[PDB]
Amino acid sequence: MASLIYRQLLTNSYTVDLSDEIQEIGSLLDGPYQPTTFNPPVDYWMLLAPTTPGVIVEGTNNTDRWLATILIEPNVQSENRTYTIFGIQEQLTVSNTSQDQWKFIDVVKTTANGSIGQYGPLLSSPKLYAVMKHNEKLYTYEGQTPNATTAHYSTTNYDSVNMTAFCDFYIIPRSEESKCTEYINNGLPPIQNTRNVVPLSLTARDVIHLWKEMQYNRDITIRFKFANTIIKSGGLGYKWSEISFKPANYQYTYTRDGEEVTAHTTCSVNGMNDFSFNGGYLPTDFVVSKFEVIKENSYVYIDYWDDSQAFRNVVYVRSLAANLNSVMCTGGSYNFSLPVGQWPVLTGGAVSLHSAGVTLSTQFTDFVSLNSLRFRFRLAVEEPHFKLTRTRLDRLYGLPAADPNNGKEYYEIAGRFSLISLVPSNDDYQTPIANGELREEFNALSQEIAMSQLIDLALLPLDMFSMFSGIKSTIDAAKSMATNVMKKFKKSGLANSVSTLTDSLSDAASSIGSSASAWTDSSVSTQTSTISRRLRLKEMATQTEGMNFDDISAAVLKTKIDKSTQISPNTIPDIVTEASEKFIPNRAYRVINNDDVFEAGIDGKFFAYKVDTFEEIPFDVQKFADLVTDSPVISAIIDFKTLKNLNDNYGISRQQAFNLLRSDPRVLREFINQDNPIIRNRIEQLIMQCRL
Amino acid sequence: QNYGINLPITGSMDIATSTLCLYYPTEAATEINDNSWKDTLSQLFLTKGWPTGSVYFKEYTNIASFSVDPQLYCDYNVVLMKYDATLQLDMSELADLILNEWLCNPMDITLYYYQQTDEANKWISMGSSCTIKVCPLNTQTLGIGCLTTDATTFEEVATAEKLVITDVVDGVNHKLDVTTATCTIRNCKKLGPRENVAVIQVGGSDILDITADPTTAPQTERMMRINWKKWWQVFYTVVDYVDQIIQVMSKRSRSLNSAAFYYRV
Amino acid sequence: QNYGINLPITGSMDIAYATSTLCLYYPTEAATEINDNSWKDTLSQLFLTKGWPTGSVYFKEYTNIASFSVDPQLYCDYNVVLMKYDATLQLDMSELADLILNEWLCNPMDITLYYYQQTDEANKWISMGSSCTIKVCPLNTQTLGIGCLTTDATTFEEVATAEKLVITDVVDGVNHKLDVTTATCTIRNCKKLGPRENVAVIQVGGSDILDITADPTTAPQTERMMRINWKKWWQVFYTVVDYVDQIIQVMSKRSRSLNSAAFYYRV
Amino acid sequence: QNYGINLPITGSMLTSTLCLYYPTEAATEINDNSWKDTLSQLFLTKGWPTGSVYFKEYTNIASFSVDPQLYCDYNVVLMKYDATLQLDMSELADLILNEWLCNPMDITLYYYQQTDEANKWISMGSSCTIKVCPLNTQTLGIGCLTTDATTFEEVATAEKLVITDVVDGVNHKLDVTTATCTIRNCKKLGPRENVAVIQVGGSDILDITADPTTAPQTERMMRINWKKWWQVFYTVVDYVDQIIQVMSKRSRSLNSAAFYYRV
Amino acid sequence: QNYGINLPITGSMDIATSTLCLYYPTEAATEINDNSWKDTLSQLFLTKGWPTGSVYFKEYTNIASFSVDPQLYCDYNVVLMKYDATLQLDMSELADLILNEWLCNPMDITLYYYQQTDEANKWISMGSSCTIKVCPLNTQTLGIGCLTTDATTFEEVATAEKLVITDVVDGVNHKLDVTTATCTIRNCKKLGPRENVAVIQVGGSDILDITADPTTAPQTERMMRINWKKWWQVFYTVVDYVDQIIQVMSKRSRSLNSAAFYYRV
């Protein structure tokens, strides 16, 4: 009956694994940032990702060695190249056999003004560098991709090493090492995985962030842009390497019927395509490595923030919806710069944007943390042609990452968004506009619940839907509410008990009863108490008749959950786990055999009686153990004390007594209606025991 | 415990030191042109039957000034109020303020909005200068007829006043903009009548709307009018019929400290 | 719901039987010795962890003990006030303890013309202001001077000097004539009705010194006056936080504030 | 095992040691060395065997607080009032007045929190100065930042013995000069009834419980007055009957130490 | 309730994770020649069945310095001592000091005159520089091979030893003379077997004696011996047989919840 909520709780628990898998995918990179000077603490890694040729990163000592890093593009044979190492120009020999993967080389000076060499052969397609400083040694990436090792050196002044970079770098602690390799050896990680999406000023402290419902239905006019990153490869400008999309920022103002609203927006793109226009293998010809274009399987995200009485209540969201209107984006001409001959020109390319989701987001400008709204946009391909002239590239659709600005400095999107926020209103006035003891309270609240309604609720079984359908929830946390309670429940005491019973039963396929079985394994009192404690697990075996203890436990838990208000969504799993075990330690069970009844109590009580006139019967442990193994079991809500007192002090008929031994809800509720003091005492004693 | 308000009290149909205040305006004393009038009034009250040291006299400069932090000292209060043909609203508000009991709550308008619960909630602002401007909202926190972030288009309900009583239609929240440097605004609810006070006016035309109710003006026996030309006539005629005044009111609603309203948190 | 007349109640001795606001008054010394502006939010979050609703714990500040005693504030549900012990401010400490730990129902006074007397040990003269200098001269039955010339306001004897608060008592059964400059101070005739359990006072530094009743026969160090040692105000704040529930158990809601006493004496 | 401790019991209806802690000030004022023999012989005349009374010396209350080492079964300790040392006085009295069980803390690396009203943080050392910052569920400091140390909040500076409490139930990140002190998490079990404290001048400052609303005065916290230390010694020795009737003897320490270590 | 009053027990005859510390000498640390060895051993103990981070490790500079008041703060302790062919008595003293419960009472050297009562009584002196000189006395406190006033005729029993155990014949008093500024002597009475610890010896030839009793040479099961040439083999051996080591020992009987007035230290 109402006990079914327990049985389902351990049943579908396996699904948590799937969610847990997703959680491990969701189980985080800090960056990127402007190229500046700082002191990255120990136990932190440096995940550098340059794209432009030049001096990548250097760690200054002024007393110990000089470390220099040089990045070399492919398609360059054995020649000499000039860089600016520590401000002093130096020539370096370069010889490359790989054609689509760039190569990093480490330059070491034995002192501040020592000799110059080139070593540390690194080859990588995403062009990623890892440097660590921990435990009296410096770590740097060494070994060919994908699987490699870390070169180790030991030079003084470790904690004072301040490495000035000239690219975008991420700082990661040690525990995400399994992430780091997965984020280094497996291509460029998506931008949405980052914490500080915009490459603006760096902060080392960024934090991702009775009631009353408040509704805000306002209007937005989003103006957003794109951003291109272009790099030129080696040689003499005859070929480029990367023309890609990068995040952009735009801050503007507009009118909203009087207010000069300041709207801050940031844009990003994910899942783009990379068309390859592979030229001839001769060193002097127009060759492009990757051409990043946006297609149907790619999306663009916009993060929107602006001061308003609506945006100042977003920290807790009850419901969120979007009703945007689609906006078309068309590209413009992008003429290459080929020193000799006619340079190629890109033309065409047009797409449309539509809204298919929304959630919270993080954004920072200088030092101000924001709780922004992230709108997800799906893309569609359109009519206008997109071709690359002067070559053989024709009949392609999408939008190139060369010049999507098309002269216009903003793309307008107008729509209406509606969200519902939860605000702490201790009364029906003083509503804010801008943004333990529970054990004692729960135990004290458990003295005033009614009985007839309790029995009625215990008659109606619950499920995974009715348990949380009466409690308010936040849409951000309601996603993982059943998942967390089931994850905590699969580690409950009842879980260990059922696992041990299953293991013992399976092992038995290789005492106090008639023979060996998985249930027969003041001495009489102790043995009977152990038998009852093991038999408590029978309530998960669906071999009961009528109501059971766990039904009452579930009913009282539901009632006290509904009445209580001092419990957070993070607290429900603990309460459920503790209550499913600690509730009702004094359980009683009775079994019937040929007009005879044997009953045993966990506390150490044991009795036997007949169904005709309730005559005391001497106790036989052997037959009890023989029959309880495979026979109907009924929870002894009405044990022998109450039954005998009722048969003496009140003139009941045979049907009532026989149903009471079966614990029929109808006759029990009839007795409740009659308000017999003995049944009230029994029910109240049972109820008072329900506490943590 | 609860002083025993639960168990009903049943009887039978056939069964068989004190203080008195006197509030007067200052210009009345100026027109009296005497320095020992208090002693004469004391002797007359003694001849009436009050013990010596029971009648006390207090002074208030003006209706505007007295309404700031009103105080009631004695177990009985008979205030003398002068009438101006342009201060009807202020006189009515003062009568309502120091004629009925109140339970108030403190307010801080820099963080919280405010609303109304039912038709027994009123706003009371006191101070040397209170200017209260309101701007209601729709069902989605948007100003109607007033920009919610502009302090210019807010409608006005109070300016250049010392005692202001404000009410707006319930069911809709509002934002408040007041010069809090010289004012303080509190949310109050009326619990019923105060019988510790009594108001007698000189002149006037029986115009005192003691309730915010537009429909009715329930005149009681605690608000009366007397004609005047020289203040000594009024003093004599108010000390002569004092027994009727005492019979009208009662001394069983005295507050603990002198405050027209009960503060809370 | 018969508010006025007291009616006897009836109960039993065997049958089984059986939100608000919290304020805090602290001296400026702790503020000068903490050096953290956002401490209010920290304390609010800690009280939230203890169970109190957030955004509902108020704070008040005062310059000194004597200046704080000027017109004290009962406007709160649970007064928990700290006081720095001083080896030379004992009388002001005692008078403050008397004034903010008992419910005092007072009456108005005007000494410039009238006589005054007292009838019981519950009768006291309480003066509050910025500069109060009490002069007292008892008189005989025939209104003649006893140790003072009634026609002059100099031959009297001063029972107070340069204090913001003062509590005085005279022998019941005789009349008195009072002299004080009421320009910067006022005075009331008050009767001590009953103990107000809406306030708690916790002392820091020194030893047990308070005396809540003027009777020499009793100096009851009751359980609404505590004493703790201190060298860092953060320690005092934490110690107060850790036992808010015990302080709540000691006290209770103001009995006069409940609707039960709506016609005896409102709050 | 159980002769009746916490198990059913049915009723019906000389060589013990005695230490004495004295400050150096008394010895300097009286200016003699033969007084030990005099006190031993007076004890013998009172009825206690000679050589059964120890005597130990402490330079200062601060120094004596550094890891106290009990040396007898019955104990009486003397202390002198100070103008601005009541915190140390009361804390030392409470520490040496109740039994303690302490779990060593690796304060440098991990975080900590207490569990109940019966938990306290005890720190002793030559020069201790603790600074703590409370945490949240987001692992960000409240009124503080988890990286820097200066912006923390002081709880004790340059103090020999610190007994402190925090809001019990929420984790906190602490910091201290570990190379000059030591911090241990301890729980107060019960009353250590084999030690009494005698005050010499003062006004009953001692409080033996962190509870603000409860501050009892037991039978082992008394006070006398002094003008020459010989008077105090003679009064203490003469009325040894009352003192020996007050305390018990079944609270002997299983080892010579103030508080047990991880048991 | 109350403990300590041992009520007699009555059973029947019809029935069927903590802290673990470990010490080692500095020579072992030098021979190991590694940094992360602690993590390796902790993970090995995790494999054998102990929680990670629950197996601490300490160190002692030398057998001499380890002798200066050897404390123990573990529920399970095994002490590793490196045998040396010339400090046999030092090893015996260390074993007899850390193997049995010792109940001590402080003893002076100037005022009183100490003695001994029973064979279960010993004298323990610990300090940086312990020089112990003794002299027996007669009933009349006269001189017996030494004069009380003199101090240069007292018989040495132990000089400069970091640990000193001594015993004198019962029934006679003895006077002492020892540098209190460098050594401390404590009158102690032996309670019984302290099972919280075990001793494992490397090399050696069964030298330790756990008592001054001549006629008895009790080879306890807690005293165990091995042989070694590289410390890693000994470490692996002692880690492998953790089950036998813990089964030999038991909980510190004086640290259970039966402490109340059970003559705990």
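Residues numbered from 1 in each chain as written, not as in the entry; some residues may be left out. Chains lettered and ligands numbered in written order. Part of a larger assembly, values for the part shown. Heavy atoms only, no water.

This entry, as listed in the PDB, derives from cryo-EM and reports a resolution of 4.7 Å.

Readers searching the PDB will find this entry under the title "Subtomogram average of Immature Rotavirus TLP penton". In UniProt, chain B has this text filed under Sequence similarities (unreviewed entry): "Belongs to the rotavirus VP7 family." (UniProt positions renumbered as here; feature names shortened; annotations may be inferred.)

Under Sequence similarities (unreviewed entry), UniProt gives the following word-for-word description of chain D: "Belongs to the rotavirus VP7 family."

What chain D contains, in helices and strands, is six helices and eleven strands. Seen along its three principal axes, the alpha-carbon backbone of chain D occupies a region of about 70 × 55 × 35 Å. A burial count over chain D gives 51% of its 263 residues as buried. If the 20 positive side-chain charges of chain D are averaged to one point and the 29 negative ones to another, these points end up 6 Å apart. (Helix = DSSP H or I, 4+ residues; strand = E, 2+ residues; numbered from the N terminus. Buried < 20%, exposed > 50% of the residue type's maximum accessible area, 1.4 Å probe, protein only. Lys, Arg positive; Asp, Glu negative; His and termini not counted. Charge placed at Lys NZ, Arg CZ, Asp CG, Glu CD.)

Residues and elements named next belong to chain B. Among the six residues of strand β1 (residues 20-25), six are classified as buried, and the element is accordingly described as predominantly covered. Burial along β1 is two-sided: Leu-20, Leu-22 and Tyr-24 facing one way and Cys-21, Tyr-23 and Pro-25 facing the other are all buried. Looking at chain direction, β1 and strand β2 (residues 55-60) are connected through six bridges and run parallel. Note that in β2 the partner of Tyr-24 across the bridge is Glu-59. (Pairing = 2+ DSSP bridges.)

With that out of the way, let us pick up the packing of helix α2 (residues 39-50) of chain C against helix α5 (residues 233-242) of chain C. Two quantities define a packed helix pair, namely the angle between the helix axes and the distance between the axes. Residues and elements named next belong to chain C. One can describe the packing of α2 onto α5 by two numbers: an axis separation of 11 Å at closest approach and a directional angle of 25°. Judged by the inter-axis angle, α2 sits roughly parallel to α5. The interaxial crossing formed by α2 with α5 has right-handed handedness. On α5, the residues that touch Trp-39, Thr-42, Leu-43, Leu-46, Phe-47 and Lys-50 of α2 are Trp-234, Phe-237, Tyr-238 and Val-241. Taken together, the residues of the contact of α2 with α5 break down into eight nonpolar, one polar and one charged. (Axes fitted to C-alpha atoms, helices over the stretch in contact; angles between N-to-C directions. Parallel < 35°, antiparallel > 145°, perpendicular 65-115°, else oblique. Left-handed = near helix turned anticlockwise from the far one by under 90°. Contact = heavy atoms within 4.5 Å. Nonpolar A, V, L, I, M, F, W, Y, C, P; charged D, E, K, R; others polar.)

UniProt records the feature "binding site: Ca(2+) 1" (unreviewed entry) for D:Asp32, D:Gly143, D:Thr151 and D:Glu153 in the present numbering. An extended arrangement is adopted by the annotated residues: their sequence extent is 122 residues, and the largest C-alpha distance between any two is 57.1 Å. Considering the arrangement of structural elements, one finds D:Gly143 in the loop between β5 (119-134) and β6 (153-164). Ignoring anything within four residues of it in the chain, the contact list for D:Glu153 reads C:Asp36, C:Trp234, D:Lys131, D:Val132, D:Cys133, D:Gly143 and D:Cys144.

This part is about the side chain of E:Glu101. Structurally, E:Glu101 can be placed in strand β3 (residues 100-106). Taking relative accessible area as the criterion, E:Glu101 reaches 6% and is therefore assigned buried. Those residues in contact with E:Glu101 that sit more than four places away from it in its chain are D:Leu254, E:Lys190, E:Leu191, E:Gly192, E:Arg194, E:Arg252, E:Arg254 and E:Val265.

A few words now on the interface of chain D and chain E. In this assembly, 35 residues from chain D lie in contact with 37 residues from chain E. At the boundary of chain D with chain E, total buried surface from both sides reaches about 3400 Å², with 57% on carbon and sulfur atoms. Here chain D is connected to chain E by zero salt bridges. At the junction of chain D and chain E, the tally comes to 34 residue pairs in polar contact. The element best represented in the side of chain D that touches chain E is helix α2 (residues 35-46) of chain D, accounting for three residues. (Buried area = accessible area lost by both parts, 1.4 Å probe. Salt bridge = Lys/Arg side-chain N within 4 Å of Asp/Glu carboxyl O. Polar contact = N/O pair within 3.5 Å; in protein donor to acceptor, adjacent residues only side chain to side chain.)

Moving on, we get to the interface of chain C and chain B. Opposite the 37 residues of chain C that make contact, chain B presents 30 residues. Here chain C and chain B share an interface that buries about 3400 Å² over both sides, 59% of which is from carbon and sulfur atoms. In terms of surface lost to chain B, no three residues of chain C exceed C:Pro108, C:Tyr114 and C:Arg266, which account for 22% of the buried area on that side. The tally of links from chain C across to chain B stands at zero salt bridges. Taken together, the connections running from chain C to chain B amount to nine residue pairs in polar contact. In terms of residues, the side of chain C that touches chain B owes the most to one element, strand β4 (residues 102-107) of chain C, which gives five residues. Each residue belonging to the side of chain C that touches chain B can be placed in one class, and the counts come to 22 nonpolar, nine polar and six charged.

It is worth spelling out the UniProt feature "binding site: Ca(2+) 2" (unreviewed entry) in chain D at this point. Here the UniProt feature "binding site: Ca(2+) 2" (unreviewed entry) sits at D:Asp88, D:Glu91, D:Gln114, D:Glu159, D:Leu161, D:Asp165, D:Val166, D:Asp168 and D:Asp238. These residues run over 151 residues, and the two farthest C-alpha atoms among them are 46.3 Å apart, placing them at more than one spot. Examined against the element boundaries, D:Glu91 turns out to sit in helix α4 (residues 86-95). We classify D:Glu91 as buried; its relative accessible area is 13%. Residues contacting D:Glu91, with those up to four places away along its chain left out, are D:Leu161 and D:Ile163. On the secondary structure map, D:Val166 appears in the loop between β6 and β7 (172-176). When sequence neighbours within four positions are dropped, the list of residues in contact with D:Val166 reads C:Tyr238, C:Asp242, D:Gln114, D:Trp121 and D:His172.

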